[PDB]
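Presented below is the structure to which this report refers.
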Amino acid sequence: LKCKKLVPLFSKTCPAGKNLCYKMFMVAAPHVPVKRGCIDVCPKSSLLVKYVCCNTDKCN
């Protein structure tokens with residue numbers, strides 16, 4: 001499982017524990033990411049920010 005990091009240049013493979021990819025963006029522009037990292041348990045979303053999780057390579 002290899003996804004992109006905060007910077008759309010360097011990639012890292014989620015180590016043992018995390019097998020999902022998390023992405024943080026504003027509930028307005030889905031084509032406009034903000035942060036990107038790995039995660040284990042998909043957190044909850046808010047009315048402001050939204051954390052979409054996916055179980056695919058280079059999803060976030």
Item to complete: Give the Rg/Rh ratio for the chain, taking Rg as the radius of gyration of the Cα atoms and Rh as the Kirkwood radius, to two decimals.
Response: 0.95
Worksheet, complete the sentence: For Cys54, the residues 5 or more places away or on another chain with a placed amide H closer than 5 Å to its own amide H are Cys21
Fill in: Burial ranking of peptide ranges 21-30, 3-12 (average Cβ count within 10 Å, highest at the top)
21-30, 3-12
Worksheet, complete the sentence: Neighbours of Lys50 by Cβ distance under 15 Å: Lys/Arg at +1, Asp/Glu at -1, summed charge +4
Response to the item:
The answer for the net charge of residues other than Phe25 whose Cβ lies under 13 angstrom from its Cβ, with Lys and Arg +1 and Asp and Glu -1, is +4
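Every residue, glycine as well, gets a Cβ built from its backbone with ideal geometry; the counts of neighbours run over all protein chains shown. Read the figures in this text as sums done on the coordinates, not as results from a lab.
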